[PDB]
Amino acid sequence: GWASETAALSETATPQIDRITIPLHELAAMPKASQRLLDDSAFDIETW
Amino acid sequence: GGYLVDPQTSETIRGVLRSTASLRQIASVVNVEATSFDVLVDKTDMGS
């Protein structure tokens, strides 16, 4: 306002609010490994 | 007068006996945790 000394301050604006939705999807990967490989392949294939 | 006389079944279901001579008894088995097993032989000998 830059209110004066004798002005009878009236209402001032108020910030309006907007809500934004983030649907939070998912992302899927399905690799297939042979069980024979996971036992014979000293590199940890599980964690790789 | 015949609903009273159900037969008697054997305690375990039995099967035909098959031979268990395997050539595993005379051959050499080796405990291997890998994709394969290699042996190193000598197809020739030295010289004198």
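Here goes a summary of the coordinates provided. (Residues numbered from 1 in each chain as written, not as in the entry; some residues may be left out. Chains lettered and ligands numbered in written order. Part of a larger assembly, values for the part shown. Heavy atoms only, no water.)

Our next topic: the overall build of chain B. Across its full length, chain B carries zero helices and zero strands. Principal-axis analysis of the C-alpha atoms places the extent of chain B at approximately 95 × 25 × 10 Å. Here chain B, with 48 residues, has 0% of them falling under the buried criterion. Here chain B has roughly 5,900 Å² of accessible surface; of this, 52% comes from carbon and sulfur atoms. (Helix = DSSP H or I, 4+ residues; strand = E, 2+ residues; numbered from the N terminus. Buried < 20%, exposed > 50% of the residue type's maximum accessible area, 1.4 Å probe, protein only. Areas by Shrake-Rupley, 256 points an atom, 1.4 Å probe, with all protein chains shown as cover.)

Now for the environment of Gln 16 of chain A. Residues and elements named next belong to chain A. Here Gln 16 is to be found in the segment before helix 1 (35-40). On the accessibility criterion, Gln 16 (79% relative accessible area) is exposed. With 29 residues separating them along the chain, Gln 16 and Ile 45 place their C-alpha atoms 53 Å apart.

Position of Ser 41 of chain A relative to the elements: it lies in the segment after helix 1. At a separation of 2.7 Å, a polar atom in the side chain of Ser 41 of chain A contacts the main-chain carbonyl oxygen of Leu 37 of chain A. (Polar contact = N/O pair within 3.5 Å; in protein donor to acceptor, adjacent residues only side chain to side chain.)

This paragraph deals with unusual backbone geometry. All names here are of chain A. Positive phi, close to 55°, is recorded for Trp 2, a residue that is not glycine. Classification of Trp 2 as exposed rests on a relative accessible area of 87%. Positive phi, close to 55°, is recorded for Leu 24, a residue that is not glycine. For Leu 24, the location among the structural elements is in the segment before helix 1.

Geometric values such as these leave the question of function open.
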